[PDB]
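*Asks:* First the structure, then my questions, so here it is.
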Amino acid sequence: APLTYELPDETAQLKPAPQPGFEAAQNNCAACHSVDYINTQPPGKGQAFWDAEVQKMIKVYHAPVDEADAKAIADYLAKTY
Amino acid sequence: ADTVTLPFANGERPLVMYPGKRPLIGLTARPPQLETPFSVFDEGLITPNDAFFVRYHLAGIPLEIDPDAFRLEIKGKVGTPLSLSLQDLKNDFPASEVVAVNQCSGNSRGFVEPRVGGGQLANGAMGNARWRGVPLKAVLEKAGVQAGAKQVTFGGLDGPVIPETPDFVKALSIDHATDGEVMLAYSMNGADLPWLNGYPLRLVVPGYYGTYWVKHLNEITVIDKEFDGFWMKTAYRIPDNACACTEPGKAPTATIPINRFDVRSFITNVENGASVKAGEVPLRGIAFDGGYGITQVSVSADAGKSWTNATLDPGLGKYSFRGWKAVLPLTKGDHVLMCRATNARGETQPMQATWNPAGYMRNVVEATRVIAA
Ligand code: HEC
Ligand code: MSS
């Protein structure tokens, strides 16, 4: 038989916010990786940082995220993290 | 209970338990990124397998491997393409061994000021181990490298969840790849590689940052041009200058791939606010570089106003952690301890931290405040 490896359960979650970008991030930002990538970034980095993060995911890594959602997500992130 | 806080902003992390591993600092889960608690480095020169740090880029890591079916393919600009079993590597080729540090490009990124994006690591994305395996030189010589070869690429069993995301593939120069020190490691600290450390085979690139050390390595391609894959072309780039640095907030004008380690050192037996008894205080730690040899470690108890020479421990090899010990007279009160290493080509550590956009290569003189009583 082959050897196998068992990972612990994933538990990482996004910080809830009333901004619509919270749900858009939940729906778009956990498809490739866990959201602890986001939760552990340096704090209060602001708009330009998070705008750049989102654009990199889309342009470089080919995250299928449309323009309206990309803005909602970056705005939610900049305000929340 | 089950969390720690690293000494930088937003530093809280879960302590997480993985098969074969002691509790480690959880950075990301999918894919796993696991940092080693600092205290581990005071436990001995060789980092135990169950403590060794873990770094991966893509979520499709292999979770079932049949070692008997596993094959290492050698292809491209070679006379005879090879398909090698683990049994072939162990039996048909001479074994070599090296004690070598693996350190991530971004080890200590969390301490970079101003803060930069990416893996927010403290100093625990490094470890030292005794690697055993086959010199890549021997396998390439068997295939027969052709004149005109320029680079060798390395790819493993992991892949992207979405096929448009670029595959993790790295390259080395042909002269580096065939140098005899670059190794196809099947063994780590006398055992098969832990799973998250690249079971059943990984590249070991002594003295080079961890990005090159391709895990779950199954595909080696000799090419007659420079590799232009994303993870060479765009990621893992440093400023093309002596300091591998820029003015904080500024992009470099030219870059090159990350390459050899710079000189690092740490005091391992004390941390911030530690109590020590006024008088002769025993200190110890580690130092390392890109393989030129640590020539000396100086130690200071007055924030670098004055230095005492540490005694270097007997060595395990030029690529290993080098242990050191010093005994310093400390008067009662607060003291800022520092250590600073230099290597045999005169590389050393800056007193003041530098910066680059990626937060790679940090090697500032480490300062630790203690209370002598
Ligand atoms: C697959 C197409 C992805 C989607 C969907 C999202 N991201 Fe991502 N992300 C992806 C990769 C290949 C990486 C690098 C992984 C590594 O370990 O190096 C990342 C990484 C991040 C990070 C860390 C910082 C960085 O590397 O730039 C962050 C903060 C991040 N990703 C955020 C993020 C957000 C907000 C997303 C929704 C738009 C998102 N990611 C989706 C690939 C993919
Ligand atoms: N295959 C693979 N390999 C690999 C990877 C991935 O992702 N994949 N990563 C890198 C990195 S990046 Mo930075 O520079 S660090 C690092 C390393 C780590 O190792 P460990 O995990 O064993 O510790 O690995 C290396 N290898």
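Cβ: placed from backbone, ideal geometry, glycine included. Neighbour counts: every protein chain shown. Each reported figure results from applying straightforward, stated rules to the coordinates on display, with no laboratory input.
*Asks:* Between A:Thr4 and B:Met17, what's the calculated FRET efficiency when r is the beta-carbon distance and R0 is 22 Å? Round to 0.05.
*Replies:* Between A:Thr4 and B:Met17 the formula returns 0.80.
*Asks:* Right, another one. Give the peptides A:3-13, B:275-285 in descending order of average Cβ contacts within 10 Å, highest first.
*Replies:* By packing density, highest mean first, the sequence is B:275-285, A:3-13.
*Asks:* Continuing with the same structure: Any idea how far apart A:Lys56 and B:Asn91 come out in nm if each label point goes 7 Å out from Cα toward Cβ?
*Replies:* 4.7 nm
*Asks:* If I take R0 = 56 Å and measure r between the Cβ atoms of B:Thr311 and B:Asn241 in this structure, what FRET efficiency does the formula 1/(1 + (r/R0)^6) give, to the nearest 0.05?
*Replies:* 0.95
*Asks:* Show that you can apply the helix-only estimate: for chain B, add -39,500 (n - 2.57) for every DSSP H stretch of four or more residues, divide by all residues, and state [θ] at 222 nm to the nearest 500.
*Replies:* -1500 deg cm²/dmol
*Asks:* Another question, then. Rank these for me by crowding, B:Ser187, B:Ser83, A:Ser34, going from fewest to most other beta carbons within 10 Å.
*Replies:* The most exposed by this proxy come first: B:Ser83, B:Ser187, A:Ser34.
*Asks:* Okay, next question. What is the local net charge at B:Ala242, summed over the other residues whose Cβ is closer than 11 Å to its Cβ (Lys, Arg +1; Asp, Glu -1)?
*Replies:* It works out to a net charge of -3.
*Asks:* Now for a different question. How many angstrom lie between the C-alpha centres of the stretch B:16-38 and the stretch B:337-373?
*Replies:* 26 Å
*Asks:* How charged is the neighbourhood of B:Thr268? Take every other residue with its Cβ under 13 Å from the Cβ of B:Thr268, and add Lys/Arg as +1 and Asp/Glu as -1.
*Replies:* Once positives and negatives cancel, what remains is -1.
*Asks:* In terms of the ratio Rg/(2.2 N^0.38 Å) built on C-alpha atoms, what value belongs to chain B?
*Replies:* Against the empirical 2.2 N^0.38 Å value, I get 1.01 for chain B.
*Asks:* Determine the sum of side-chain charges near B:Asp334: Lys and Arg each +1, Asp and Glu each -1, restricted to other residues whose C-beta is under 15 angstrom from that of B:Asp334.
*Replies:* +2
*Asks:* Cα-Cα over 27 Å: which of B:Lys90/B:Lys318; A:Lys56/B:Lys21; A:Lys79/B:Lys233?
*Replies:* Going by Cα-Cα distance, A:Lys56/B:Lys21; A:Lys79/B:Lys233 fall outside the 27 Å limit.
*Asks:* Simple spin-label model, 7 Å along Cα-to-Cβ: A:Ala31 to B:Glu113 in nm?
*Replies:* Label at A:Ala31, label at B:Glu113, 4.0 nm between them.
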